[PDB]
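Undergrad: Provided hereafter are the protein sequence and its experimental coordinates.
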Amino acid sequence: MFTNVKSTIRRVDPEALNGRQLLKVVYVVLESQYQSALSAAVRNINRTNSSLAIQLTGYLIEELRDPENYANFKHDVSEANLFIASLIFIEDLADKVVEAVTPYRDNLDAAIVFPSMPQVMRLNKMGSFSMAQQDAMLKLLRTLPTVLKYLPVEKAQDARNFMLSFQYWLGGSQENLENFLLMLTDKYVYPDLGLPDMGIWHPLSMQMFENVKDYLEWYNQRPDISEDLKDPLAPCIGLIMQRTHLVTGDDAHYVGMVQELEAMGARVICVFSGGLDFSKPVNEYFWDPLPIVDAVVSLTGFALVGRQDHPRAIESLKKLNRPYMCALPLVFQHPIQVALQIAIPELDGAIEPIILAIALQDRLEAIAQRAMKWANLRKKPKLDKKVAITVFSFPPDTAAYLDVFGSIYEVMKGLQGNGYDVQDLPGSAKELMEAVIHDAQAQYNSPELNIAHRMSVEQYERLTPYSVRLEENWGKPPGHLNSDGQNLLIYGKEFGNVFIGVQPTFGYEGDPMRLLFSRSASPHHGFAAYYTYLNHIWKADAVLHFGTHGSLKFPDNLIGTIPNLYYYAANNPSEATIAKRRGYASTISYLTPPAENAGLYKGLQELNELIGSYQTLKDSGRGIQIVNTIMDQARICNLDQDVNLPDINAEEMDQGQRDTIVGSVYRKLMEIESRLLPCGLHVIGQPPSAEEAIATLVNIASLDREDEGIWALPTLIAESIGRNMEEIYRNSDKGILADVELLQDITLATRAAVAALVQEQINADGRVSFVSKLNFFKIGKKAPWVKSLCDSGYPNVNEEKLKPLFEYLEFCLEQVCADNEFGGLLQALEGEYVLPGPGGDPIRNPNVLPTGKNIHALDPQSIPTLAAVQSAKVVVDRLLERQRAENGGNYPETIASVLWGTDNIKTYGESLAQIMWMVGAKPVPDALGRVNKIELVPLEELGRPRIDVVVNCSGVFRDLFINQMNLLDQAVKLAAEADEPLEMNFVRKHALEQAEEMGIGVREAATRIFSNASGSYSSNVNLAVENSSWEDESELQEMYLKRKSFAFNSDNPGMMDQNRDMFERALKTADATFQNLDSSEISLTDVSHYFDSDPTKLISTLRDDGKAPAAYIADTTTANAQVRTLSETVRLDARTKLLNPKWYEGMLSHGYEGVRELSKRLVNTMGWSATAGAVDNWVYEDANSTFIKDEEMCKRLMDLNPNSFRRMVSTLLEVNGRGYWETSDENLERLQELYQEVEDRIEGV
């Protein structure tokens, strides 16, 4: 009494209620410090708060004897919102408190019982949280963060709110207990009411920290943690989060993240910021001068900086030089929202440790474990570090233009040479392939994969907990795949701390020795075993993959917790993004082989020489019989499918139309001659020479660039002779000799001038920074490139415009020739930050150079650009022009189109803006420049009817650009609804006819934007053609109609439901199929995805009239946009790739893996015969002539790669077997024998 102030007052009531809500609180407590502290808190709220008043009644625990007191208590509990109890530790009364409260348990908005006898504690209740889910106080407080992970997010925030309320109580201050009461009033009584710039946070500290020293001083004083965590050697992880969630106190998932990491022995620094520039905290708090963090995990779901500012973000993350991981808040707490949001951190070079009832546990452990393995990598000593390198399709029957064993060998050397422990490194790439595939070339025995390990069912089942799930499709372990009968086989070879493994077939087509009835595919035990070995037996610290390998299309335990590092081609941002999101991929880019012009050969070179003779023989006199030879030759080269070659003598023509015969054939030969494509494979970290870069530099020099302030060289040359390049291109297309010649002359000039810059920089051999900035005028010389232009016959080219062009070209030459590819992997393995960069076409966007960067796509709202929209109007006018010219002059009513992510990333949304312009819509950018809106154009501006569309969206396009599918659907439906003449609006005309037949609205009948079901990709036509697993085309057409018939809906974007009835009806109306070519290197025969999505023959089946649609492929890779027919483009492929000696002599120069490339293009050619019949007989004929009939070659290919040869031979038999190739019975007997020869070498007898 004399030493502790007690109050006679038990009850506090507000003087005046006014317009304010009343909260009723009842406490029972032993400490009269806590009675009087509550009274003061309640009393201060009552006198300040303008919307809340509190009534407080309470008894010291003892006072509950005299039933006078116990009687009111009971009545007070009855009326009470909040119940509070603390330090009840007497049986007698405890049990009375239970009787009193238990009745009203559900009445009470919340009941809070702080450290007191067990009976009382069970009364605890705060939303969906009970006991089910001073030192005494600390003990229970510190345990609460551990519980959060095993609860769903809302049940967790209740438990966090409980923990937060215990922190305020143990705190015990007046404002502590005010906040206590206001928090509970806000979150569990009256929701509709109530409510430092940056710093460091910890759930278990009451105050924030404004510096690192104050934090670590507090951290090291923490009694509740192991000495292990205070140690500066301890792995430390940085978290970034939004201040808002700490104020709100909606932080349960953040608290669980800190607890998960601390449980794994990681020191944590959680920074926050009320701003949007998170570089500031990173730069202040993750440093002291050195980094004090081993990896960062962003939980903001935002860009580091910001407009969002990726350059400063990068410079900040590169100074830190640690792995930057990102976990979207949405992961914890919907389709358009995740696609738009996840794309941003990817441009900061983020890694995604979260793949894209359920408790936080799986997500929290995932992020933690994967962050902890990034740190281990930073800390484990080089000589102890184990790297596994996985390889797929060996033997083959992936990774574009890659010498896989070529590249692995360079990586292994680089790794040994940098201090990693590499044993028994072979003397050559070949010997290294030989160590993994015994007798790959089938010289002496059949090819046999090296067995690195035999896993016992016992070892498999113990280290593969999820093996049980595989039993449904694959039976008991070890099953029929990667099996000796007893054991699961791990194919690979140990080379010290580097392991080369061969991953098997994922087995999407299931065990052909098992009858199954499930629609839920899983990997086979062998596939599982392989990853089980890497992770839990061999215990890799990191794993390196090449391109897509086998998975990321057909779940977190296969990938594991160790860094997944991918080498992806710089030109495949789309599929690299898919790996980032499905695979926990960190993706280092490599360059595709330095491209060469395809050039002319045999028949085509003879034809070019005849054309050379023409201008002579015209002045000689006999300018006639040559045009009959030129035509007779063209007919032999099958150019008569590409140029109109009438059956008329040159005698029976005017000079005008004889010149045109030549002009037409010429511009088609120069198309072939000049096609810029790779002719071989790439080895990681073997960049091209300056000589090797020149063709790549010519096409870089051959595009106008507004954003760089510079012009194409051809543009400048044309302007020099008062001409425009758009004219010269169109007159070229028409086959006007003078202009076909002028284009070739301008092309040759452009080649010479750029070669002159590369020549100079070479024979300056480092003396000068940039030869392009040397002041030649000052010493009275022209630059070597200006000289070249003058010699080429163009002496008036504008030198003020040349200067910044040729400065740009010299910069591009540096990036094409740079060697960073190995450096990238090194940074990753050292646990550092790999510079992010744009994937794309290096010629169209040279910012894709140099390689060795962590390539990303782009902001899905950044496309289409105004430039892309203009470029689209050209390609649509040209498709319609040509489709008319081949059909009376009649516009088509419906164009069936495919959209890919890959081509849209590269052109900033051209192919996408084509479909917009077909229906006569335009995308509308907001102030900031984001494309989130779309309008129709008036028919005046369209100049023609609205063309109806079916738009087949690839699973990838859906995954990256579902926002853009939303815009397309809005556009189509507006068009169907537009008050316009049916004959001016084929969208409306078809939709009205359909709305009646189907008994639905015009709008619902305007459904045209389809894709795969979410989490599905391709029509599976690619699998069937790849495995010959189909009887008649109908099977292909059926699985298309099953899989690609899921309709996007802008008025309910979540629900993307199958609607095959609408799909069949819209396709029935199709007059033309359409796709855009990605690139010369990813053309129709280089991959299977193009033909996999080809609806051409499907349309001919669906149509009442059975008529096949006209098939077009747009090509916007050069300045000179073409809309070719599918046949034209497949033929172009054949002439520049499969049947081009430069191309097959290029690929075969790399040996075994060379043959694989030939096999690929043949097999993709087959596909086109199955989906479109777009393969002319001579393509198959010439292929058999080049590779089979020539017995010298035939032997070379079989010896080089039995597996890839058996493949080539099977294809040729097959296309004959299915009616697509007609050929000599002798030709089929040769093939039928050669199959049996190689069959024997590969399998036995």
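TA: Yep, it's here. Numbering: from 1, shown residues only.
Undergrad: surely residue 851 touches residue 587?
TA: No: with contact defined as CB atoms under 8 Å, residue 851 does not reach residue 587; the gap is 11.3 Å. Quick note: C-beta positions are derived from backbone N, CA and C, even for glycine.
Undergrad: these two: which has the busier surroundings?
TA: A direct count of neighbours by other CB atoms under 10 Å for residue 851 and residue 587 places residue 587 higher, at 32 against 28.
Undergrad: regarding the more buried one, what is its secondary structure?
TA: strand (DSSP: H, G, I helix; E, B strand; the rest coil).
Undergrad: from residue 296, how far off is it?
TA: Taking CB to CB, to the nearest Å as the criterion, residue 587 is separated from residue 296 by 18 Å.
Undergrad: so who does residue 905 touch?
TA: By CB atoms under 8 Å, 6 or more residues apart in numbering, the residues touching residue 905 are 573, 574, 839, 840, 857, 858, 960.
Undergrad: how about it, phi and psi?
TA: Dihedral angles of residue 905 (phi, psi; degrees, to the nearest 10) stand at phi -60, psi -40.
Undergrad: just want the most central residue of the protein.
TA: The residue lying closest to the centre of the chain (CA atoms, centre = their mean) is residue 577, at 1.4 Å.
Undergrad: from residue 533, how far off is the closest residue to residue 482 other than its chain neighbours?
TA: Closest residue to residue 482 in three dimensions, ignoring its sequence neighbours and counting by CB to CB, 6 or more residues apart in numbering: residue 526, at 2.8 Å. Per CB to CB, residue 526 is found 11 Å from residue 533.
Undergrad: same deal with residue 786?
TA: Distance of residue 786 to residue 533, computed by CB to CB: 62 Å.
Undergrad: so between these two, which is more surrounded?
TA: Between residue 786 and residue 533, counted using other CB under 10 Å, residue 533 has the larger neighbour count: 24 against 20.
Undergrad: check contacts around the closest residue to that one other than its chain neighbours.
TA: Nearest non-adjacent residue to residue 533, counting by CB to CB, 6+ apart: residue 490, 4.5 Å away. Residue 490 makes contacts with 451, 452, 453, 454, 455, 482, 501, 529, 530, 533, as judged by CB under 8 Å, 6+ apart.
Undergrad: in ChimeraX, how would I select the buried members of the contacts of residue 905?
TA: Selection of buried members from those for ChimeraX, criterion 16 or more other CB atoms under 10 Å:
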select :573,574,839,840,857,858,960
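Undergrad: so the closest residue to residue 105 other than its chain neighbours bridges to which residues?
TA: When the adjacent residues along the chain are set aside, residue 105 lies closest to residue 125, with 6.5 Å between them (CB to CB, 6+ apart). The partner list for residue 125 in beta bridges (DSSP bridges) reads residue 111.
Undergrad: can you give me the buried ones in the helix or strand hosting residue 1063?
TA: Following DSSP states H and E, the helix or strand that holds residue 1063 is helix 1060-1068. Judged by neighbour count (16+ other CB under 10 Å), helix 1060-1068 contains these buried residues: 1062, 1063, 1065, 1066, 1067, 1068.
Undergrad: same question, stretch 991-1009
TA: Buried residues in stretch 991-1009, counted by 16+ other CB under 10 Å: 991, 992, 994, 995, 1002, 1003, 1004, 1005, 1006, 1007, 1008, 1009.
Undergrad: can you measure across stretch 987-1006, start residue to end residue?
TA: End-to-end distance for stretch 987-1006: 7 Å, by CA to CA, to the nearest Å.
Undergrad: before we move on, what about stretch 449-467?
TA: Stretch 449-467: ends 24 Å apart by CA to CA.
Undergrad: residues in contact with residue 664?
TA: Residue 664 sits next to 643, 644, 735 when contact means CB under 8 Å, 6+ apart.
Undergrad: now with 6 Å?
TA: Contact analysis of residue 664 by CB atoms under 6 Å, 6 or more residues apart in numbering lists 643, 735.
Undergrad: got it, and the one 10 residues further on?
TA: Remark: with contacts taken as CB under 6 Å, 6+ apart, residue 674 is in contact with residue 597.
Undergrad: cutoff 8 Å now
TA: 597, 598, 747.
Undergrad: just these now: which is nearest residue 820?
TA: residue 597 (27.0 Å; CB to CB).
Undergrad: the closest residue to residue 1200 other than its chain neighbours in helix, strand or coil?
TA: If the residues on either side of it in the chain are set aside, residue 1200 comes closest to residue 1155, at 5.1 Å by CB to CB, 6+ apart. Classification of residue 1155 by three-state DSSP places it in helix.
Undergrad: isn't residue 717 up against residue 749?
TA: Yes: contact status for residue 717 versus residue 749: in contact at 5.8 Å, counting by CB under 8 Å.
Undergrad: who has more neighbours out of these two?
TA: Each of residue 717 and residue 749 has its neighbours counted (other CB under 10 Å); residue 717 has more, 25 against 22.
Undergrad: next step: the contacts of residue 490 restricted to strands.
TA: 451, 452, 453, 454, 455, 501 (DSSP state E).
Undergrad: ok, the fourth one - contacts?
TA: Taking CB under 8 Å, 6+ apart as the definition of contact, the neighbours of residue 454 are 484, 486, 487, 488, 489, 490.
Undergrad: with just CA atoms, put stretch 596-610 into CSV.
TA: What follows is stretch 596-610 as a C-alpha-only set of coordinates in CSV (Å, rounded to 0.1, in the frame of the first residue of the first chain):
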residue,chain,number,x,y,z
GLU,A,596,25.9,-16.1,-92.8
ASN,A,597,23.9,-15.3,-96.0
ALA,A,598,22.6,-18.7,-97.2
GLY,A,599,24.0,-18.1,-100.7
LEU,A,600,23.2,-20.0,-104.0
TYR,A,601,24.5,-23.5,-105.1
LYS,A,602,24.2,-26.0,-108.0
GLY,A,603,20.9,-25.2,-110.1
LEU,A,604,20.3,-21.8,-108.3
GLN,A,605,23.9,-20.5,-109.0
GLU,A,606,23.7,-21.5,-112.7
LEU,A,607,20.4,-19.7,-112.9
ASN,A,608,22.0,-16.5,-111.3
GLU,A,609,24.8,-16.7,-113.9
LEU,A,610,22.3,-16.9,-116.8
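Undergrad: wait, doesn't residue 995 sit right on residue 1004?
TA: Yes: the pair residue 995 and residue 1004 passes the contact test of CB under 8 Å, sitting 7.4 Å apart.
Undergrad: if we can go back for a sec, helices or strands up against the helix holding residue 1063?
TA: Applying 3 or more CB pairs under 8 Å, 6 or more residues apart in numbering; DSSP states H and E, we find helix 1060-1068 packed against strand 948-953, helix 986-997, helix 1033-1043, helix 1096-1102.
Undergrad: so residue 555 is in contact with residue 355, correct?
TA: Yes: using CB under 8 Å, residue 555 is in contact with residue 355, at 7.0 Å.
Undergrad: among the two, which residue is more densely surrounded?
TA: residue 355 (15 against 12).
Undergrad: rewinding a little: tell me how many other residues crowd the residue nearest to residue 1200.
TA: Neighbourhood size, residue 1155 [other CB under 10 Å]: 27.
Undergrad: gap between it and residue 1206?
TA: 10 Å.
Undergrad: and what of residue 972?
TA: Distance from residue 972 to residue 1206, by CB to CB: 47 Å.
Undergrad: residue boundaries of the strands in the stretch 901-1050 of the chain?
TA: 921-925, 931-936, 948-953, 1009-1011, 1046-1047 (DSSP state E, counting those that start in this stretch).
Undergrad: OK, contacts around the nearest residue to residue 130 once chain neighbours are set aside?
TA: Once flanking residues are discounted, residue 130 sits nearest to residue 124: 5.5 Å by CB to CB, 6+ apart. Residue 124 is in contact with 111, 112, 113, 130, 131, 162, counting by CB under 8 Å, 6+ apart.
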